[PDB]
$ cat structure.pdb   # PDB, N, CA and C atoms
ATOM      1  N   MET A   1    -122.893 149.519-130.902
ATOM      2  CA  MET A   1    -122.889 150.336-129.694
ATOM      3  C   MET A   1    -123.348 149.528-128.470
ATOM      4  N   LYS A   2    -122.589 149.674-127.381
ATOM      5  CA  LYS A   2    -122.806 148.958-126.130
ATOM      6  C   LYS A   2    -122.935 149.888-124.933
ATOM      7  N   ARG A   3    -123.674 149.402-123.939
ATOM      8  CA  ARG A   3    -123.823 150.069-122.653
ATOM      9  C   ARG A   3    -122.561 149.880-121.809
ATOM     10  N   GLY A   4    -122.130 150.958-121.152
ATOM     11  CA  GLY A   4    -120.953 150.892-120.296
ATOM     12  C   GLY A   4    -121.191 150.149-118.993
ATOM     13  N   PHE A   5    -120.113 149.544-118.484
ATOM     14  CA  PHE A   5    -120.152 148.769-117.242
ATOM     15  C   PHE A   5    -118.805 148.811-116.529
ATOM     16  N   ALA A   6    -118.780 149.403-115.329
ATOM     17  CA  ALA A   6    -117.579 149.491-114.498
ATOM     18  C   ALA A   6    -117.656 148.498-113.340
ATOM     19  N   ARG A   7    -116.656 147.626-113.231
ATOM     20  CA  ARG A   7    -116.646 146.613-112.174
ATOM     21  C   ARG A   7    -116.221 147.187-110.819
ATOM     22  N   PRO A   8    -117.074 147.131-109.794
ATOM     23  CA  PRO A   8    -116.751 147.660-108.465
ATOM     24  C   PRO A   8    -115.949 146.668-107.621
ATOM     25  N   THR A   9    -115.654 147.082-106.385
ATOM     26  CA  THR A   9    -114.960 146.211-105.439
ATOM     27  C   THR A   9    -115.824 144.983-105.143
ATOM     28  N   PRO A  10    -115.286 143.765-105.264
ATOM     29  CA  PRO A  10    -116.102 142.564-105.049
ATOM     30  C   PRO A  10    -116.773 142.483-103.679
ATOM     31  N   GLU A  11    -118.027 142.027-103.686
ATOM     32  CA  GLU A  11    -118.815 141.832-102.473
ATOM     33  C   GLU A  11    -118.297 140.617-101.696
ATOM     34  N   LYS A  12    -118.461 140.642-100.372
ATOM     35  CA  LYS A  12    -117.940 139.556 -99.514
ATOM     36  C   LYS A  12    -118.591 138.184 -99.705
ATOM     37  N   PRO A  13    -117.834 137.147-100.084
ATOM     38  CA  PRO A  13    -118.405 135.812-100.160
ATOM     39  C   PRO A  13    -118.597 135.226 -98.771
ATOM     40  N   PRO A  14    -119.544 134.299 -98.597
ATOM     41  CA  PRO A  14    -119.757 133.700 -97.269
ATOM     42  C   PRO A  14    -118.552 132.876 -96.815
ATOM     43  N   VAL A  15    -118.084 133.175 -95.599
ATOM     44  CA  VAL A  15    -116.895 132.556 -95.005
ATOM     45  C   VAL A  15    -117.089 131.090 -94.624
ATOM     46  N   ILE A  16    -116.079 130.251 -94.976
ATOM     47  CA  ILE A  16    -116.019 128.824 -94.645
ATOM     48  C   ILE A  16    -115.354 128.650 -93.278
ATOM     49  N   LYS A  17    -115.904 127.794 -92.415
ATOM     50  CA  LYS A  17    -115.308 127.565 -91.089
ATOM     51  C   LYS A  17    -114.904 126.111 -90.852
ATOM     52  N   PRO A  18    -113.614 125.773 -90.813
ATOM     53  CA  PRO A  18    -113.204 124.380 -90.573
ATOM     54  C   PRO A  18    -113.503 123.912 -89.150
ATOM     55  N   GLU A  19    -113.433 122.588 -88.955
ATOM     56  CA  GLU A  19    -113.681 121.949 -87.659
ATOM     57  C   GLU A  19    -112.841 120.687 -87.507
ATOM     58  N   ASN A  20    -112.146 120.572 -86.380
ATOM     59  CA  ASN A  20    -111.340 119.401 -86.047
ATOM     60  C   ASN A  20    -112.136 118.556 -85.050
ATOM     61  N   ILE A  21    -112.440 117.307 -85.409
ATOM     62  CA  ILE A  21    -113.248 116.424 -84.571
ATOM     63  C   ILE A  21    -112.540 115.096 -84.342
ATOM     64  N   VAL A  22    -112.435 114.689 -83.080
ATOM     65  CA  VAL A  22    -111.839 113.410 -82.717
ATOM     66  C   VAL A  22    -112.966 112.468 -82.294
ATOM     67  N   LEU A  23    -113.016 111.298 -82.931
ATOM     68  CA  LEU A  23    -114.062 110.300 -82.721
ATOM     69  C   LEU A  23    -113.983 109.630 -81.357
ATOM     70  N   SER A  24    -115.142 109.209 -80.862
ATOM     71  CA  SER A  24    -115.190 108.504 -79.592
ATOM     72  C   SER A  24    -114.601 107.112 -79.789
ATOM     73  N   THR A  25    -114.199 106.472 -78.697
ATOM     74  CA  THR A  25    -113.674 105.106 -78.767
ATOM     75  C   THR A  25    -114.767 104.086 -78.434
ATOM     76  N   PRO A  26    -114.902 103.005 -79.211
ATOM     77  CA  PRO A  26    -115.929 102.005 -78.929
ATOM     78  C   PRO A  26    -115.817 101.372 -77.548
ATOM     79  N   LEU A  27    -116.925 100.767 -77.128
ATOM     80  CA  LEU A  27    -117.026 100.051 -75.865
ATOM     81  C   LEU A  27    -116.258  98.732 -75.909
ATOM     82  N   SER A  28    -115.909  98.219 -74.729
ATOM     83  CA  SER A  28    -115.197  96.952 -74.610
ATOM     84  C   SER A  28    -116.116  95.865 -74.063
ATOM     85  N   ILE A  29    -116.058  94.685 -74.675
ATOM     86  CA  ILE A  29    -116.919  93.553 -74.288
ATOM     87  C   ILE A  29    -116.625  93.128 -72.850
ATOM     88  N   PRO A  30    -117.631  92.920 -72.002
ATOM     89  CA  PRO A  30    -117.378  92.511 -70.613
ATOM     90  C   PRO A  30    -116.759  91.125 -70.532
ATOM     91  N   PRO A  31    -115.611  90.962 -69.872
ATOM     92  CA  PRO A  31    -115.001  89.634 -69.788
ATOM     93  C   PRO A  31    -115.914  88.649 -69.084
ATOM     94  N   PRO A  32    -115.778  87.336 -69.389
ATOM     95  CA  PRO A  32    -116.696  86.253 -68.971
ATOM     96  C   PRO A  32    -116.672  85.712 -67.536
ATOM     97  N   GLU A  33    -117.238  86.473 -66.602
ATOM     98  CA  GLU A  33    -117.394  86.027 -65.215
ATOM     99  C   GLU A  33    -118.320  84.815 -65.142
ATOM    100  N   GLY A  34    -117.991  83.820 -64.302
ATOM    101  CA  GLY A  34    -118.860  82.644 -64.272
ATOM    102  C   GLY A  34    -119.239  82.042 -62.924
ATOM    103  N   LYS A  35    -120.559  81.838 -62.800
ATOM    104  CA  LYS A  35    -121.231  81.255 -61.634
ATOM    105  C   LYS A  35    -121.005  79.748 -61.468
ATOM    106  N   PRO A  36    -120.813  79.254 -60.213
ATOM    107  CA  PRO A  36    -120.626  77.818 -59.953
ATOM    108  C   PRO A  36    -121.959  77.075 -59.879
ATOM    109  N   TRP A  37    -122.703  77.117 -60.980
ATOM    110  CA  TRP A  37    -124.058  76.571 -61.075
ATOM    111  C   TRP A  37    -124.284  75.202 -60.421
ATOM    112  N   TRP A  38    -123.385  74.241 -60.642
ATOM    113  CA  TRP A  38    -123.533  72.902 -60.052
ATOM    114  C   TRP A  38    -123.611  72.899 -58.526
ATOM    115  N   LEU A  39    -122.933  73.825 -57.860
ATOM    116  CA  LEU A  39    -122.917  73.856 -56.398
ATOM    117  C   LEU A  39    -124.312  74.099 -55.821
ATOM    118  N   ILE A  40    -125.016  75.114 -56.315
ATOM    119  CA  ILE A  40    -126.375  75.422 -55.855
ATOM    120  C   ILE A  40    -127.377  74.336 -56.271
ATOM    121  N   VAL A  41    -127.091  73.598 -57.338
ATOM    122  CA  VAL A  41    -127.949  72.499 -57.791
ATOM    123  C   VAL A  41    -127.906  71.327 -56.809
ATOM    124  N   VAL A  42    -126.730  70.996 -56.284
ATOM    125  CA  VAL A  42    -126.607  69.936 -55.280
ATOM    126  C   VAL A  42    -127.285  70.363 -53.983
ATOM    127  N   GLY A  43    -127.163  71.627 -53.621
ATOM    128  CA  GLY A  43    -127.758  72.197 -52.423
ATOM    129  C   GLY A  43    -129.258  71.967 -52.279
ATOM    130  N   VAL A  44    -130.064  72.396 -53.250
ATOM    131  CA  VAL A  44    -131.518  72.225 -53.192
ATOM    132  C   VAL A  44    -131.913  70.757 -53.161
ATOM    133  N   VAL A  45    -131.069  69.864 -53.658
ATOM    134  CA  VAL A  45    -131.351  68.434 -53.575
ATOM    135  C   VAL A  45    -131.112  67.931 -52.155
ATOM    136  N   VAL A  46    -129.976  68.285 -51.557
ATOM    137  CA  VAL A  46    -129.666  67.849 -50.195
ATOM    138  C   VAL A  46    -130.727  68.345 -49.218
ATOM    139  N   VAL A  47    -131.070  69.632 -49.277
ATOM    140  CA  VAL A  47    -132.092  70.165 -48.373
ATOM    141  C   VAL A  47    -133.436  69.503 -48.651
ATOM    142  N   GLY A  48    -133.675  69.109 -49.896
ATOM    143  CA  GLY A  48    -134.914  68.433 -50.250
ATOM    144  C   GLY A  48    -134.963  66.997 -49.757
ATOM    145  N   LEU A  49    -133.854  66.282 -49.893
ATOM    146  CA  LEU A  49    -133.748  64.887 -49.471
ATOM    147  C   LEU A  49    -133.915  64.745 -47.959
ATOM    148  N   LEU A  50    -133.538  65.771 -47.200
ATOM    149  CA  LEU A  50    -133.694  65.776 -45.744
ATOM    150  C   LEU A  50    -135.169  65.676 -45.361
TER
ATOM    151  N   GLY B  51    -125.623  61.189 -38.449
ATOM    152  CA  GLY B  51    -125.567  59.832 -37.914
ATOM    153  C   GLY B  51    -126.370  59.707 -36.633
ATOM    154  N   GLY B  52    -126.367  60.757 -35.821
ATOM    155  CA  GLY B  52    -127.150  60.772 -34.594
ATOM    156  C   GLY B  52    -128.639  60.645 -34.866
ATOM    157  N   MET B  53    -129.122  61.305 -35.915
ATOM    158  CA  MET B  53    -130.532  61.219 -36.286
ATOM    159  C   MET B  53    -130.884  59.781 -36.650
ATOM    160  N   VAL B  54    -130.068  59.148 -37.486
ATOM    161  CA  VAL B  54    -130.277  57.748 -37.854
ATOM    162  C   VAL B  54    -130.196  56.865 -36.610
ATOM    163  N   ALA B  55    -129.198  57.101 -35.758
ATOM    164  CA  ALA B  55    -129.021  56.348 -34.511
ATOM    165  C   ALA B  55    -130.195  56.544 -33.551
ATOM    166  N   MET B  56    -130.688  57.772 -33.428
ATOM    167  CA  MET B  56    -131.831  58.063 -32.563
ATOM    168  C   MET B  56    -133.070  57.288 -33.007
ATOM    169  N   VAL B  57    -133.337  57.248 -34.307
ATOM    170  CA  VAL B  57    -134.477  56.504 -34.840
ATOM    171  C   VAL B  57    -134.297  55.008 -34.596
ATOM    172  N   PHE B  58    -133.084  54.498 -34.768
ATOM    173  CA  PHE B  58    -132.819  53.082 -34.525
ATOM    174  C   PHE B  58    -133.003  52.725 -33.053
ATOM    175  N   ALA B  59    -132.569  53.590 -32.140
ATOM    176  CA  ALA B  59    -132.730  53.307 -30.716
ATOM    177  C   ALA B  59    -134.202  53.336 -30.321
ATOM    178  N   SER B  60    -134.981  54.215 -30.940
ATOM    179  CA  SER B  60    -136.408  54.298 -30.659
ATOM    180  C   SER B  60    -137.142  53.039 -31.101
ATOM    181  N   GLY B  61    -136.571  52.261 -32.018
ATOM    182  CA  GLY B  61    -137.187  51.029 -32.479
ATOM    183  C   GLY B  61    -138.018  51.077 -33.749
ATOM    184  N   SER B  62    -137.894  52.128 -34.563
ATOM    185  CA  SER B  62    -138.687  52.210 -35.787
ATOM    186  C   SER B  62    -138.196  51.202 -36.819
ATOM    187  N   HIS B  63    -136.881  51.029 -36.931
ATOM    188  CA  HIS B  63    -136.283  50.095 -37.891
ATOM    189  C   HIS B  63    -136.757  50.339 -39.326
ATOM    190  N   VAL B  64    -137.048  51.598 -39.649
ATOM    191  CA  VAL B  64    -137.464  52.008 -40.992
ATOM    192  C   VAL B  64    -136.299  52.042 -41.983
ATOM    193  N   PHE B  65    -135.089  52.349 -41.526
ATOM    194  CA  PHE B  65    -133.886  52.386 -42.357
ATOM    195  C   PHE B  65    -133.313  51.013 -42.673
ATOM    196  N   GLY B  66    -133.958  49.945 -42.229
ATOM    197  CA  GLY B  66    -133.494  48.613 -42.565
ATOM    198  C   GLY B  66    -133.745  48.337 -44.040
ATOM    199  N   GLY B  67    -132.813  47.611 -44.653
ATOM    200  CA  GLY B  67    -132.906  47.282 -46.071
ATOM    201  C   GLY B  67    -132.759  48.485 -46.999
ATOM    202  N   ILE B  68    -133.544  48.521 -48.079
ATOM    203  CA  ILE B  68    -133.430  49.618 -49.042
ATOM    204  C   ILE B  68    -133.754  50.988 -48.460
ATOM    205  N   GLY B  69    -134.514  51.065 -47.380
ATOM    206  CA  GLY B  69    -134.832  52.369 -46.815
ATOM    207  C   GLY B  69    -133.598  53.202 -46.513
ATOM    208  N   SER B  70    -132.474  52.542 -46.249
ATOM    209  CA  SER B  70    -131.180  53.155 -45.953
ATOM    210  C   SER B  70    -130.625  54.035 -47.073
ATOM    211  N   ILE B  71    -131.172  53.953 -48.285
ATOM    212  CA  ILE B  71    -130.693  54.746 -49.420
ATOM    213  C   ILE B  71    -130.827  56.250 -49.195
ATOM    214  N   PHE B  72    -131.767  56.683 -48.362
ATOM    215  CA  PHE B  72    -131.917  58.114 -48.083
ATOM    216  C   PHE B  72    -130.732  58.660 -47.288
ATOM    217  N   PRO B  73    -130.362  58.099 -46.138
ATOM    218  CA  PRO B  73    -129.161  58.561 -45.438
ATOM    219  C   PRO B  73    -127.902  58.440 -46.278
ATOM    220  N   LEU B  74    -127.739  57.338 -46.997
ATOM    221  CA  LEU B  74    -126.541  57.096 -47.796
ATOM    222  C   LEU B  74    -126.350  58.169 -48.868
ATOM    223  N   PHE B  75    -127.361  58.430 -49.690
ATOM    224  CA  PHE B  75    -127.214  59.455 -50.725
ATOM    225  C   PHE B  75    -126.932  60.831 -50.122
ATOM    226  N   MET B  76    -127.576  61.175 -49.014
ATOM    227  CA  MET B  76    -127.343  62.479 -48.391
ATOM    228  C   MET B  76    -125.890  62.646 -47.966
ATOM    229  N   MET B  77    -125.349  61.659 -47.267
ATOM    230  CA  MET B  77    -123.971  61.712 -46.781
ATOM    231  C   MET B  77    -122.975  61.870 -47.931
ATOM    232  N   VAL B  78    -123.298  61.346 -49.109
ATOM    233  CA  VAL B  78    -122.445  61.512 -50.287
ATOM    234  C   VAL B  78    -122.513  62.952 -50.794
ATOM    235  N   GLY B  79    -123.718  63.511 -50.881
ATOM    236  CA  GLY B  79    -123.890  64.881 -51.353
ATOM    237  C   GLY B  79    -123.186  65.905 -50.479
ATOM    238  N   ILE B  80    -123.205  65.696 -49.165
ATOM    239  CA  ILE B  80    -122.518  66.589 -48.230
ATOM    240  C   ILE B  80    -121.012  66.530 -48.458
ATOM    241  N   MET B  81    -120.488  65.338 -48.704
ATOM    242  CA  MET B  81    -119.062  65.144 -48.942
ATOM    243  C   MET B  81    -118.582  65.933 -50.158
ATOM    244  N   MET B  82    -119.343  65.907 -51.251
ATOM    245  CA  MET B  82    -118.972  66.639 -52.463
ATOM    246  C   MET B  82    -118.853  68.143 -52.230
ATOM    247  N   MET B  83    -119.746  68.737 -51.448
ATOM    248  CA  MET B  83    -119.664  70.177 -51.200
ATOM    249  C   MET B  83    -118.494  70.567 -50.296
ATOM    250  N   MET B  84    -118.277  69.859 -49.190
ATOM    251  CA  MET B  84    -117.231  70.294 -48.264
ATOM    252  C   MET B  84    -115.811  70.000 -48.733
ATOM    253  N   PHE B  85    -115.552  68.899 -49.428
ATOM    254  CA  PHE B  85    -114.163  68.652 -49.815
ATOM    255  C   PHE B  85    -113.743  69.335 -51.115
ATOM    256  N   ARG B  86    -114.442  69.122 -52.226
ATOM    257  CA  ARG B  86    -114.000  69.780 -53.454
ATOM    258  C   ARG B  86    -114.546  71.205 -53.517
ATOM    259  N   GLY B  87    -115.850  71.364 -53.679
ATOM    260  CA  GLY B  87    -116.423  72.702 -53.776
ATOM    261  C   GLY B  87    -115.754  73.615 -54.789
ATOM    262  N   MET B  88    -115.814  74.918 -54.507
ATOM    263  CA  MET B  88    -115.226  75.939 -55.363
ATOM    264  C   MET B  88    -114.628  77.068 -54.533
ATOM    265  N   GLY B  89    -113.537  77.645 -55.056
ATOM    266  CA  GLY B  89    -112.846  78.744 -54.411
ATOM    267  C   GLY B  89    -113.406  80.121 -54.758
ATOM    268  N   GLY B  90    -113.028  81.103 -53.943
ATOM    269  CA  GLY B  90    -113.420  82.484 -54.133
ATOM    270  C   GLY B  90    -112.498  83.243 -55.071
ATOM    271  N   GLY B  91    -112.546  84.574 -54.957
ATOM    272  CA  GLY B  91    -111.730  85.446 -55.791
ATOM    273  C   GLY B  91    -110.236  85.248 -55.629
ATOM    274  N   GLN B  92    -109.806  84.661 -54.515
ATOM    275  CA  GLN B  92    -108.392  84.398 -54.287
ATOM    276  C   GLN B  92    -107.858  83.297 -55.200
ATOM    277  N   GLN B  93    -108.729  82.430 -55.714
ATOM    278  CA  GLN B  93    -108.370  81.360 -56.653
ATOM    279  C   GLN B  93    -108.942  81.727 -58.024
ATOM    280  N   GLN B  94    -108.255  82.678 -58.662
ATOM    281  CA  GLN B  94    -108.650  83.256 -59.947
ATOM    282  C   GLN B  94    -108.828  82.218 -61.053
ATOM    283  N   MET B  95    -107.997  81.180 -61.076
ATOM    284  CA  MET B  95    -108.029  80.188 -62.155
ATOM    285  C   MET B  95    -109.137  79.140 -62.054
ATOM    286  N   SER B  96    -110.361  79.640 -61.976
ATOM    287  CA  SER B  96    -111.506  78.755 -62.034
ATOM    288  C   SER B  96    -111.574  78.185 -63.447
ATOM    289  N   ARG B  97    -111.897  76.895 -63.547
ATOM    290  CA  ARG B  97    -111.943  76.164 -64.821
ATOM    291  C   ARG B  97    -112.473  76.983 -65.998
ATOM    292  N   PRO B  98    -113.610  77.671 -65.913
ATOM    293  CA  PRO B  98    -114.102  78.430 -67.071
ATOM    294  C   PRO B  98    -113.231  79.612 -67.496
ATOM    295  N   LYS B  99    -112.425  80.212 -66.626
ATOM    296  CA  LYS B  99    -111.570  81.323 -67.054
ATOM    297  C   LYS B  99    -110.253  80.836 -67.646
ATOM    298  N   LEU B 100    -109.680  79.773 -67.092
ATOM    299  CA  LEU B 100    -108.419  79.236 -67.599
ATOM    300  C   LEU B 100    -108.579  78.724 -69.027
TER
END
$ encode --input "structure.pdb" --output "structure tokens"
Amino acid sequence: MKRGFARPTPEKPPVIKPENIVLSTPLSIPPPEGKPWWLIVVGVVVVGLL
Amino acid sequence: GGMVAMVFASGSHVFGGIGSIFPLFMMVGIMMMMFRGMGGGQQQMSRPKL
């Protein structure tokens, strides 16, 4: 002998929510700008030699 | 040259012999800056970028 059991309407499961994400783009390396170092080096010598 | 000439006319005669190396080296340094030198942004192909 067993106890009776009637299955009711199923209870609500927790809802899943998708998400679409687009990644950021990496930074770009700064191109190599360059100073005319030798020019200012001759300068302080000339003004000094005077 | 006027500065050297002015001192010579005054009679100091300090630039005689090796003393003359000071005016000589200076005149060379000035020449390097005014004739070759370096260009601005209008001359993009500076040696380090090319």
$ closest_residue --input "structure.pdb" --among "B:76, B:59, B:54, B:64" --to "chain A" --atoms "all atoms listed in the file"
B:76
$ resolve_selection --input "structure.pdb" --expression "the ChimeraX specification (/B :<8) & /A" --output "VMD selection string"
chain A and resid 32 to 34 36 39 42 to 43 45 to 46 49 to 50
$ select_by_dssp --input "structure.pdb" --residues "chain B" --states "alpha helix (DSSP H)" --output "list in words"
residues 52, 53, 54, 55, 56, 57, 58, 59, 60, 71, 72, 73, 74, 75, 76, 77, 78, 79, 80, 81, 82, 83, 84 and 85 of chain B
$ axis_aligned_box --input "structure.pdb" --around "region 13-27 of chain A" --padding-each-side "5 Å" --output "lines of an AutoDock Vina configuration file"
center_x = -115.5
center_y = 117.9
center_z = -88.0
size_x = 18.4
size_y = 48.4
size_z = 34.3
$ atom_distance --input "structure.pdb" --atom1 "atom N of residue 69 (chain B)" --atom2 "CA of residue 40 (chain A)"
27.0 Å
$ atom_distance --input "structure.pdb" --atom1 "atom N of residue 51 (chain B)" --atom2 "CA of residue 81 (chain B)"
13.0 Å
$ atom_distance --input "structure.pdb" --atom1 "atom C of residue 48 (chain A)" --atom2 "atom N of residue 62 (chain B)"
21.5 Å
$ build_atoms --input "structure.pdb" --residues "region 57-68 of chain B" --atoms "N, CA, C and O atoms" --output "PDB file, in the coordinates of the input"
ATOM      1  N   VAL B  57    -133.337  57.248 -34.307  1.00  0.00           N
ATOM      2  CA  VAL B  57    -134.477  56.504 -34.840  1.00  0.00           C
ATOM      3  C   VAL B  57    -134.297  55.008 -34.596  1.00  0.00           C
ATOM      4  O   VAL B  57    -135.251  54.307 -34.245  1.00  0.00           O
ATOM      5  N   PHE B  58    -133.084  54.498 -34.768  1.00  0.00           N
ATOM      6  CA  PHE B  58    -132.819  53.082 -34.525  1.00  0.00           C
ATOM      7  C   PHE B  58    -133.003  52.725 -33.053  1.00  0.00           C
ATOM      8  O   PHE B  58    -133.537  51.656 -32.736  1.00  0.00           O
ATOM      9  N   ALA B  59    -132.569  53.590 -32.140  1.00  0.00           N
ATOM     10  CA  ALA B  59    -132.730  53.307 -30.716  1.00  0.00           C
ATOM     11  C   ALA B  59    -134.202  53.336 -30.321  1.00  0.00           C
ATOM     12  O   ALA B  59    -134.632  52.575 -29.448  1.00  0.00           O
ATOM     13  N   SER B  60    -134.981  54.215 -30.940  1.00  0.00           N
ATOM     14  CA  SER B  60    -136.408  54.298 -30.659  1.00  0.00           C
ATOM     15  C   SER B  60    -137.142  53.039 -31.101  1.00  0.00           C
ATOM     16  O   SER B  60    -138.240  52.775 -30.601  1.00  0.00           O
ATOM     17  N   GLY B  61    -136.571  52.261 -32.018  1.00  0.00           N
ATOM     18  CA  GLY B  61    -137.187  51.029 -32.479  1.00  0.00           C
ATOM     19  C   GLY B  61    -138.018  51.077 -33.749  1.00  0.00           C
ATOM     20  O   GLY B  61    -138.791  50.145 -33.989  1.00  0.00           O
ATOM     21  N   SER B  62    -137.894  52.128 -34.563  1.00  0.00           N
ATOM     22  CA  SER B  62    -138.687  52.210 -35.787  1.00  0.00           C
ATOM     23  C   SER B  62    -138.196  51.202 -36.819  1.00  0.00           C
ATOM     24  O   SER B  62    -139.002  50.572 -37.510  1.00  0.00           O
ATOM     25  N   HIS B  63    -136.881  51.029 -36.931  1.00  0.00           N
ATOM     26  CA  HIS B  63    -136.283  50.095 -37.891  1.00  0.00           C
ATOM     27  C   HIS B  63    -136.757  50.339 -39.326  1.00  0.00           C
ATOM     28  O   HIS B  63    -136.890  49.409 -40.122  1.00  0.00           O
ATOM     29  N   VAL B  64    -137.048  51.598 -39.649  1.00  0.00           N
ATOM     30  CA  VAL B  64    -137.464  52.008 -40.992  1.00  0.00           C
ATOM     31  C   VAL B  64    -136.299  52.042 -41.983  1.00  0.00           C
ATOM     32  O   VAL B  64    -136.495  51.803 -43.177  1.00  0.00           O
ATOM     33  N   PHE B  65    -135.089  52.349 -41.526  1.00  0.00           N
ATOM     34  CA  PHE B  65    -133.886  52.386 -42.357  1.00  0.00           C
ATOM     35  C   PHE B  65    -133.313  51.013 -42.673  1.00  0.00           C
ATOM     36  O   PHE B  65    -132.257  50.929 -43.303  1.00  0.00           O
ATOM     37  N   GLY B  66    -133.958  49.945 -42.229  1.00  0.00           N
ATOM     38  CA  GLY B  66    -133.494  48.613 -42.565  1.00  0.00           C
ATOM     39  C   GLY B  66    -133.745  48.337 -44.040  1.00  0.00           C
ATOM     40  O   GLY B  66    -134.755  48.748 -44.611  1.00  0.00           O
ATOM     41  N   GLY B  67    -132.813  47.611 -44.653  1.00  0.00           N
ATOM     42  CA  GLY B  67    -132.906  47.282 -46.071  1.00  0.00           C
ATOM     43  C   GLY B  67    -132.759  48.485 -46.999  1.00  0.00           C
ATOM     44  O   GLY B  67    -131.943  49.379 -46.757  1.00  0.00           O
ATOM     45  N   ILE B  68    -133.544  48.521 -48.079  1.00  0.00           N
ATOM     46  CA  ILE B  68    -133.430  49.618 -49.042  1.00  0.00           C
ATOM     47  C   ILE B  68    -133.754  50.988 -48.460  1.00  0.00           C
ATOM     48  O   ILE B  68    -133.305  51.998 -49.006  1.00  0.00           O
TER      49      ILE B  68
END
